[PDB]
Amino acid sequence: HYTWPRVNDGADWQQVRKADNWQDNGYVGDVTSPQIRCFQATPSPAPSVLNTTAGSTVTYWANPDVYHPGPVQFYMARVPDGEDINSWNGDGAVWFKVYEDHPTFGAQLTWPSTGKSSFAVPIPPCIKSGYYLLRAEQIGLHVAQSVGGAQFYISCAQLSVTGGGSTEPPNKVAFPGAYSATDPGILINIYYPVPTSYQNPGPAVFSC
């Protein structure tokens, strides 16, 4: 139970759209729900936008910290030139993955997110300048052995990216759309037999 309330030095939900779990630190359990995108049943803009450059790092904060076992992933989606970040919600197949982590394998799986509040998100240097939504996700897998058991902790930040390139990420995905409840990284027993591989849900990480 954690929120993703802040980016860089900003306050709770300042550059981050106010997630539906802002009070209860709850989760999304339905990968087909509109909440799977930005944890908002009804889209509502953040009051501010974070300025950053392509190639820089954005810090995404979890609160209190990430403590359920499972992967952290970040996605981005570009607002079209003729659109306002405050009213654009990332409909359709517009999302590309910019970060994912992987567990280490042994008698038990260890996760490179556990106990952390601060997460380094690489903004790709080669993507087009413009406004973006940045989606934060952690997938709690501690009760994910049953269908609908995975717990998604999500939010989306509003970015203005400058100094970009011209590379368009291929195979963009939709939320909902990208995930199925039976995906091997979503419907999974992490405890027995302990996995020796782990397949992150969604498309491949985009790289320049």
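Counting begins at 1, following the sequence as shown.
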{"property": "Stretch exceeding the other in mean C-alpha B-factor - 151-159, 40-48", "result": "40-48"}
{"property": "69-77 or 110-118, whichever carries the higher mean Cα B-factor", "result": "110-118"}
{"property": "Which of 26, 140, 29, 34 ranks first by CA B-factor in the deposited coordinates", "result": "26"}
{"property": "Residue 62, C-alpha B-factor rank within chain (lowest, middle or highest third)", "result": "middle"}
{"property": "Ranked against its chain, the third holding the CA B-factor of residue 131", "result": "highest"}
{"property": "Ranked against its chain, the third holding the CA B-factor of residue 146", "result": "middle"}
{"property": "Ranked against its chain, the third holding the CA B-factor of residue 105", "result": "highest"}
